Amino acid sequence: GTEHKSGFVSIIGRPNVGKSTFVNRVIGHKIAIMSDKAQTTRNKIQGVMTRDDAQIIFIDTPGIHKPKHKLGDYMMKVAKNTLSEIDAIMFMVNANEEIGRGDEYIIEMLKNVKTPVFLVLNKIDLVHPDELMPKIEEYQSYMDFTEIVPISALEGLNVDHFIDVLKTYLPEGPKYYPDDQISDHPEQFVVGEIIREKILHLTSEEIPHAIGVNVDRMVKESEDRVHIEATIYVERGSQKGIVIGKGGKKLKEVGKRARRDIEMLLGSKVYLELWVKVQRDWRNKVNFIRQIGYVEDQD
Ligand SMILES: Nc1nc2c(ncn2[C@@H]2O[C@H](COP(=O)(O)OP(=O)(O)O)[C@@H](O)[C@H]2O)c(=O)[nH]1
Ligand SMILES: [Mg+2]
């Protein structure tokens, strides 16, 4: 059934295990704006895999392979949060090497994580087929995994099957990054769709319910802190009370919930400003926008 899936996955593992090889294989042609414009939030979008039936956004976690003295108290909190918000974890491991401390350090960080962890044995091309099941068993002694999938990221052996399996674990969801619009960085579409989801929870309906979200600005204030301006657009000012509510109470709750989901996923602390505006037809028209709503969220 023809029902579109989308989500956030993080590819974790020690250096030289194949993470960028995998990313660059599956994502296809690299998005141009991602190397013009730097991303304001912390947790870097690696790229966008779009098939007809699904879209996956690859997010960087912090270096959970690192020992605790190198990745501090704060960047652990960011890493554990990001791993919860994410839809799936790709734990990528070298088939051709013995288990080092870096993989034990990752296993420690995945202990009280409830997100699906996929064990991806990479570099199976450097190894006899009968070597895979013993190595799988080495890792299974440490923890349970959701699926175990041997690949070669370089050759492409078993990659498409891995993606088919990975897609089954995604929720139903929007195409975050579209084909029409090359101009803005995909982080803006991630924030835009998060805001929109919080609005559509309130609607919760099959009254025909048209609402839009624009993100007017995203600005890095610090390595932790980002300022988002966004305008929610509605038809009909009587949509106050779906969206603004009794003295702004409903718009605060949207602002609070969207701020949290942006902080947890993308790893930067936010100062969110939301506007709510009514848009009538604009083509050859004067005074088609009336504001009905403003909120401010932080700390
Ligand atoms: N033989 C083999 N080499 C691979 C495979 N995947 C990646 N490599 C190579 O192993 C290295 C891994 O580096 P990279 O992909 O940058 O991994 P990262 O540090 O995890 O991003 C590169 O020299 C890749 O060409 C694979 O499946 N088989
Ligand atoms: Mg590398």
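Conventions adopted
- Residues numbered from 1 in each chain as written, not as in the entry; some residues may be left out.
- Chains lettered and ligands numbered in written order.
- Heavy atoms only, no water.
- Helix = DSSP H or I, 4+ residues; strand = E, 2+ residues; numbered from the N terminus.
- Buried < 20%, exposed > 50% of the residue type's maximum accessible area, 1.4 Å probe, protein only.
- Contact = heavy atoms within 4.5 Å.
- Near = heavy atom within 4 Å.
- Polar contact = N/O pair within 3.5 Å; in protein donor to acceptor, adjacent residues only side chain to side chain.
- Areas by Shrake-Rupley, 256 points an atom, 1.4 Å probe, with all protein chains shown as cover.
- Nonpolar A, V, L, I, M, F, W, Y, C, P; charged D, E, K, R; others polar.
- Pairing = 2+ DSSP bridges.
- Axes fitted to C-alpha atoms, helices over the stretch in contact; angles between N-to-C directions.
- Arc of directions from axis to C-beta.
- Left-handed = near helix turned anticlockwise from the far one by under 90°.
- Domains from an automatic or database assignment.
- Buried area = accessible area lost by both parts, 1.4 Å probe.

(A) Seen up close, the side chain of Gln55. Looking at the element boundaries, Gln55 is found in strand β3 (residues 54-59). Relative accessible area serves as the criterion here: at 0%, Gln55 is assigned to the buried category. Residue contacts for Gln55: discarding those within four places in its chain leaves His4, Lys5, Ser6, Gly7, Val48, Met49, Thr50, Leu170, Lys175, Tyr176 and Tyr177.

(B) Quick look at the site of ligand 1. Inspection of the region around ligand 1 gives 14 residues, with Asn16, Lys19, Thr21, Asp125 and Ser152 positioned closest. Within the side chain of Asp125, one N or O atom sits 2.8 Å away from a nitrogen atom of ligand 1. In this structure, an oxygen atom belonging to ligand 1 sits 3.4 Å away from a main-chain N or O atom of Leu154. Out of a free accessible area of 580 Å², ligand 1 has 73% covered by protein chains. A total of three residues in the shell around ligand 1 trace back to one element, the largest contributor, which is helix α1 (residues 19-27). Looking at side-chain class alone, the shell around ligand 1 contains five nonpolar, six polar and three charged residues.

(C) Structural view of the side chain of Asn94. Mapping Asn94 onto the fold places it in strand β4 (residues 88-94). Of the residues examined, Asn94 reaches a relative accessible area of 10% and is grouped as buried. Reaching out from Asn94, the side chain makes a polar contact with the side chain of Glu97 at a distance of 3.4 Å. At 3.2 Å, the side chain of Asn94 forms a polar contact with the side chain of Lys123. With residues near it in sequence (within four places) discarded, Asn94 still touches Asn16, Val17, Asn122, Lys123 and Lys135.

(D) Geometry of the environment of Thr61. Tracing the backbone shows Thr61 in the loop between β3 and α3 (73-85). Residue classification places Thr61 among the buried positions, given a relative accessible area of 7%. Taking C-alpha positions, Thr61 is 9.5 Å from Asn81, a pair spaced 20 residues apart along the chain. When neighbours within four sequence positions are excluded, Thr61 is seen to be in contact with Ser10, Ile12, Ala79, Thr82 and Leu83. Here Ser10 takes part through its side chain, which lies 2.6 Å from a polar atom of the side chain of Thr61.

(E) Structural context of the pairing of strand β9 (residues 269-279). In terms of burial, β9 is largely enclosed, as nine of its 11 residues are buried. Alignment of strand β8 (residues 225-234) against β9, held across 10 bridges, turns out to be parallel. If you follow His227 over to β9, its bridge partner there is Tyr271. Two elements, β9 and strand β10 (residues 289-297), share eight bridges in a ladder whose sense is antiparallel. Counterpart to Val278 in the pairing with β10 is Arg290.

(F) The sheet that holds β9, seen in detail. The four strands lie next to each other as β7-β8-β9-β10, forming an open sheet whose pairing is mixed. Edge positions in the sheet fall to β7 (211-220) and β10, since each has one partner strand and no second. Averaged over all pairs of adjacent strands, the angle between their axes in this sheet comes to 15°, without regard to strand direction. In the packing of helix α7 (residues 186-203) onto the sheet, the strands contacted are β7, β8 and β9, and the crossing angle to β7 comes to about 135°.

(G) Quick look at helix α4 (residues 101-109). Residues of α4 that are buried include every one of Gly102, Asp103, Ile106, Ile107 and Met109, and no others. Axial view of α4: buried residues confined to an arc of 160°, hence all on one face. Elements in contact with the buried residues of α4: β1 (5-12), α3, β4 and α5 (132-140).

(H) Representation of the packing of α7 against helix α8 (residues 249-266) in the model. Contact pair α7 / α8: the axes reach a minimum separation of 9 Å and the direction vectors enclose 145°. α7 and α8 meet at a crossing whose hand is right-handed. Contact residues: α7 offers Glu187, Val190, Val191, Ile194, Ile195, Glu197, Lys198, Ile199, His201 and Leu202, while α8 offers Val254, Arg257, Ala258, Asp261, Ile262, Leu265 and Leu266.

(I) Local environment of the environment of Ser35. The residue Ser35 is located in helix α2 (residues 33-36) in this model. Taking the C-alpha atoms as reference points, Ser35 and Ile99, separated by 64 residues in sequence, lie 35 Å from one another.

(J) Spotlight on the domain arrangement of the protein chain. Partitioning the protein chain into structural domains gives domain 1 (5-168) and domain 2 (186-297). Placing the centre of domain 1 and that of domain 2 at their C-alpha centroids yields a distance of 32 Å. Listed as interface residues are 16 residues of domain 1 and, on the opposing side, 16 residues of domain 2. Both faces considered, domain 1 and domain 2 share a buried interface measuring about 1,600 Å² in area, 59% of it formed by carbon and sulfur atoms. Only β3 and α3 provide two or more residues apiece to the side of domain 1 that touches domain 2.

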